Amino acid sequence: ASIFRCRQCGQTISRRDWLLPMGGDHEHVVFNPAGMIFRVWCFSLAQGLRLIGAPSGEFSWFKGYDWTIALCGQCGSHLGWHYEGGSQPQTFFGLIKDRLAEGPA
């Protein structure tokens, strides 16, 4: 259980070692304006994604950060968001926990 793959296709995405304690915890439970709930895990780093469009501040769940949608690079599944434009760290990834599968390296 040290690495994370896309649950839908197996693409390698991130690692447990890359989890990022944001505001005290790597886990945040948040809602979008369409009322969908997400269990978001924060990572310092991820790979195998494809970032779509340019960043937006609108409805950002993390103060001072702008988001871009992050799809699985391989299958297109929506895995989370890349955050940028902030401070300490400047950037990070918020990934949806139930869209990842955890397993050996």
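One-based numbering along the sequence shown.
A.B. asks: Mean CA B-factor: is it higher for 15 to 23 or for 88 to 96?
C.D. replies: Comparing 15 to 23 with 88 to 96, the higher average CA B-factor belongs to 15 to 23.
A.B. asks: With respect to the recorded C-alpha B factors, which stretch has the higher mean value, 40 to 48 or 27 to 35?
C.D. replies: Looking at the record's C-alpha B-factors, the answer is 27 to 35.
A.B. asks: Divide the modelled residues of the chain into thirds by Cα B-factor and specify which third, lowest, middle or highest, holds residue 105.
C.D. replies: For residue 105, whose C-alpha B-factor we compare with every modelled residue in the chain, the answer is the highest third.
A.B. asks: Is residue 54 in the lowest, middle or highest third of its chain when residues are ranked by C-alpha B-factor?
C.D. replies: Tercile = highest for this residue's CA B-factor.
A.B. asks: Tell me, lowest, middle or highest third: where does the Cα B factor of residue 3 rank within its chain?
C.D. replies: Ranked within chain, residue 3 CA B lands in the middle tercile.
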